[PDB]
Amino acid sequence: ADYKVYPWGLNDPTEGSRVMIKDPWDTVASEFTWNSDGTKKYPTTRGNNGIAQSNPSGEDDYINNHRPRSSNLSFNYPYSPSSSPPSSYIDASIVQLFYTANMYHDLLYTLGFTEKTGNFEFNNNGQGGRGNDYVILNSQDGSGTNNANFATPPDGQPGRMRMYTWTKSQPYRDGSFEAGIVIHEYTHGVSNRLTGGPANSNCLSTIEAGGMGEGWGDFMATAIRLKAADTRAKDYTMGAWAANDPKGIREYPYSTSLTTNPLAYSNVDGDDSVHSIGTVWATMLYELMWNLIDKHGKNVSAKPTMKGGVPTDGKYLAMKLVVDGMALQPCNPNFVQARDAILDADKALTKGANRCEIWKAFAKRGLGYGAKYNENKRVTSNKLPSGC
Ligand SMILES: *[C@@H]1O[C@H](CO)[C@@H](O[C@@H]2O[C@H](CO)[C@@H](O[C@@H]3O[C@H](CO)[C@@H](O)[C@H](O[C@H]4O[C@H](CO[C@H]5O[C@H](CO)[C@@H](O)[C@H](O)[C@@H]5O)[C@@H](O)[C@H](O)[C@@H]4O[C@H]4O[C@H](CO)[C@@H](O)[C@H](O)[C@@H]4O[C@H]4O[C@H](CO)[C@@H](O)[C@H](O)[C@@H]4O)[C@@H]3O)[C@H](O)[C@H]2NC(C)=O)[C@H](O)[C@H]1NC(C)=O
Ligand SMILES: [Ca+2]
Ligand code: NA
Ligand SMILES: [Zn+2]
C-alpha cells in the first residue's frame with residue numbers, strides 16, 4: 001500500500017510537503033496492516049483501526065459514505081492548500097485523516113494502549129478487551145465548522161471523530177490536514193478509555209478533569225510535532241494553520257517562558273472553560289516533556305527505542321508517563337491526582353528515576369509540593385520535595 005500524505009510529525013501543510021509512503025504500518029501494532037481486519041482486505045480507507053469517509057450530510061451513517069477505492073491500494077490523490085473548494089480534494093483528505101489516525105493508533109499501542117487496555121480496533125485477535133470499536137473517521141463533516149470533535153463510548157463501541165472545514169481563510173482550510181487537531185481529538189478516546197478503566201467513559205466529566213481532557217490532546221499533538229532542531233525555547237501554538245491565526249486557538253502559546261505563557265494552577269480558579277483549563281494542564285506537560293528531553297535526549301523518528309519497556313528518549317518517555325498516568329489516576333481526577341499518577345507511573349516504570357524532573361515541571365507552575373485541589377480556590381505551591 002502507498003499513501004501520499006504529509007508524513008507523521010508534520011503538524012500542518014505549512015511544515016513540509018506530501019510524499020508517497022509505502023506500508024507505513026507497524027507490523028506488531030497493526031498485525032493485519034491498516035487495510036484489513038483479519039476477515040477482509042479493503043481497497044480503500046478501511047481496516048482494523050479505523051474507517052474513513054466524507055460526511056457531507058453531517059448525519060450518523062458512515063458505512064456507505066464516500067471513500068476512495070484503489071484496487072492496488074495506491075492512495076495518491078491531488079491536494080494543495082491553495083485549492084478550492086474542499087470537496088475538490090476529498091480523496092486526499094480522507095487518506096490523510098486515515099493515515100494520521102492509524103499512525104497514532106500504532107504509536108499509542110507501542111506506549112501501551114492496546115486491546116486489553118481498551119483501545120479502538122475491529123478485531124482484537126483474542127488479545128483481550130472488546131473489539132468492534134475501530135474509529136469512525138469523518139472528513140469534511142457537514143455538522144459544523146471551525147472545530148472538530150470526538151465521541152468515546154465504553155470499550156466495544158466505536159469511537160467517532162468528526163473533522164470540519166475551517167472558514168477563517170479563503171480558501172477554506174480542511175482540518176484533516178492539521179495532524180495536531182486529529183491527534184487532539186483521538187486523544188479524547190485514549191483519556192476517556194484509560195481513565196477509570198475501559199468500561200467507564202464518564203470519568204472526565206467534572207470541569208477540572210474535562211480540562212485535563214483538552215490538555216492531554218494539545219500535549220500529545222505538541223509532542224508529536226517536535227522537530228530535531230527544536231529546544232525548550234521553541235513555542236508552539238494550537239490550530240494556527242486551520243484557524244488562520246498566528247496565535248492559534250488557545251490564550252497563550254505552549255512555552256517554557258513564564259512571560260510568553262504565565263499560566264499557573266491558580267488560573268483554574270473560576271474558569272468555566274475546559275479548553276482554557278486544558279491550556280494550563282498542557283503547559284505543565286510541555287514543561288515536563290522538556291525536562292525529560294533535556295535529561296535523556298530526543299528521538300524525532302516515528303518509533304521510540306524501548307529498552308526493557310522504557311523509551312530511551314525523553315520525548316517518548318514523556319508521552320509514556322502521561323499515558324500510563326491516565327490508567328492509574330482516579331475517576332474524575334483533579335490536577336493533583338493526575339500529577340501523582342504521573343509520579344506513580346514513573347515509580348513503576350523507572351523506580352522513580354525521573355521524580356525530580358517531574359516535580360520541577362509541576363512546581364514551576366504552581367502544582368508543587370503542598371498544592372491542593374479546591375473547587376473554588378486552589379492552594380498553589382512552587383515548593384519541591386526533599387532532594388529535588
Ligand atoms: C496502481 O494503480 C494505478 C492505476 O489506477 C496506477 O496509477 C496509474 O499509473 C500510471 C503510470 O504507470 C498512469 O499512467 C500515466 O498517465 C499519464 C497521464 O495521466 C501518462 O502521461 C502516462 O503515459 C505514459 O505511459 C503509458 C503507459 O506505459 C505502459 O505501457 C507501455 C506499453 O503499453 C510500456 O512501454 C510502458 O513502459 C508502461 O508499462 C504509455 O502508453 C504512454 O505512451 C506514456 O509513456 C511514454 O511517456 C513516458 C513519459 O511520460 C515514458 O516514461 C514512457 O517510457 C513512454 O515513453 C515513450 O514515448 C515518448 C513519446 O510519448 C518518448 O518521448 C519516449 O522516448 C518513449 O518512447 C501514463 O499513462 C495512470 O494514469 C495512473 N492512474 C490513473 C488514475 O489512471 C499505479 O501506478 C499503480 N501502482 C502500483 C504500485 O502498481
Ligand atoms: Ca476496544
Ligand atoms: Na489489535
Ligand atoms: Zn478536545
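Residues numbered from 1 in each chain as written, not as in the entry; some residues may be left out. Chains lettered and ligands numbered in written order. Heavy atoms only, no water.

- The name given to the chain in the PDB entry is Extracellular metalloproteinase mep, with the source organism recorded as Aspergillus clavatus.
- The UniProt entry for the chain carries the following text under Function: "Secreted metalloproteinase that allows assimilation of proteinaceous substrates."
- The record in UniProt for the chain states the following under Subcellular location: "Secreted". (UniProt positions renumbered as here; feature names shortened; annotations may be inferred.)

**A look at the packing of helix 1 (residues 90–111) against helix 2 (residues 179–194)**
For step 1, the next point in the chain: In contact at an axis separation of 10 Å, helix 1 and helix 2 are set at 50° when each is read in the N-to-C sense. In terms of orientation, helix 1 lies oblique with respect to helix 2. For helix 1 against helix 2, the interelement crossing comes out right-handed. In this structure, helix 1 contributes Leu97, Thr100, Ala101, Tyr104, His105 and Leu108 to the contact, and helix 2 contributes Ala179, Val182, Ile183, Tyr186, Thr187 and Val190.
For step 2, the next point in the chain: Within the contact of helix 1 with helix 2, the residues separate by chemical class into nine nonpolar, three polar and no charged. (Axes fitted to C-alpha atoms, helices over the stretch in contact; angles between N-to-C directions. Helix = DSSP H or I, 4+ residues; strand = E, 2+ residues; numbered from the N terminus. Parallel < 35°, antiparallel > 145°, perpendicular 65-115°, else oblique. Left-handed = near helix turned anticlockwise from the far one by under 90°. Contact = heavy atoms within 4.5 Å. Nonpolar A, V, L, I, M, F, W, Y, C, P; charged D, E, K, R; others polar.)

**As for the coordination of the sodium ion (ligand 3)**
For step 1, the next point in the chain: Within the first shell, the sodium ion (ligand 3) binds the protein through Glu115 (OE), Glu121 (OE) and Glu121 (OE), at distances of 2.1 to 2.9 Å. For the pair formed by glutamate 115 and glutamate 121, the shared burial category is buried. (Donors = N, O, S within 2.8 Å, 3.2 Å for Na, K, Ca; no water. Buried < 20%, exposed > 50% of the residue type's maximum accessible area, 1.4 Å probe, protein only.)

**Topic: helix 2**
For step 1, the next point in the chain: For helix 2, built from 16 residues, the straight-helix expectation of 22 Å at 1.5 Å per residue is met to within 8% by its first-to-last C-alpha distance of 22 Å.
For step 2, the next point in the chain: With 16 of 16 residues buried, helix 2 is to be regarded as a mostly interior element.
For step 3, the next point in the chain: Positive phi appears at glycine 196, one or two residues downstream of helix 2, with a value of about 75°. (Expected span 1.5 Å × (residues − 1).)

**Brief notes about unusual backbone geometry**
For step 1, the next point in the chain: Of the consecutive residues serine 84 and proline 85, the connecting peptide bond is found in the cis state with omega at -5°.
For step 2, the next point in the chain: Examined against the element boundaries, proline 85 turns out to sit in the loop between strand 4 (74–75) and helix 1.
For step 3, the next point in the chain: In the segment running from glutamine 170 into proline 171, the intervening peptide bond is cis, with an omega of 0°.
For step 4, the next point in the chain: Mapped onto the fold, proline 171 is located in the loop between strand 8 (165–166) and strand 9 (173–174).
For step 5, the next point in the chain: Of note, the phi angle at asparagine 132 is positive, near 65°, even though the residue is not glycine.
For step 6, the next point in the chain: With respect to the helices, strands and loops of the structure, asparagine 132 is situated in the loop between helix 1 and strand 5 (135–139).

**Some thoughts on the UniProt feature "active site" in the chain**
For step 1, the next point in the chain: Within this numbering scheme, the UniProt entry marks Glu185 as carrying the feature "active site".
For step 2, the next point in the chain: Structurally, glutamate 185 can be placed in helix 2.
For step 3, the next point in the chain: Residues contacting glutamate 185, with those up to four places away along its chain left out, are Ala148, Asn149, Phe150 and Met161.

**Some thoughts on the UniProt feature "binding site: Zn(2+)" in the chain**
For step 1, the next point in the chain: Look at the UniProt record and you will see "binding site: Zn(2+)" annotated at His184 and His188.
For step 2, the next point in the chain: Of note, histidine 184 is situated in helix 2.
For step 3, the next point in the chain: Overall, the relative accessible area of 5% leaves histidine 184 in the buried class.
For step 4, the next point in the chain: Contact partners of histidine 184, with chain neighbours within four places excluded, come to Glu214, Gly217, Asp218, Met238 and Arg250.
For step 5, the next point in the chain: Relative to the helices and strands, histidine 188 resides in helix 2.
For step 6, the next point in the chain: Once residues within four sequence positions are removed from consideration, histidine 188 is found in contact with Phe150, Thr152, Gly213 and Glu214.

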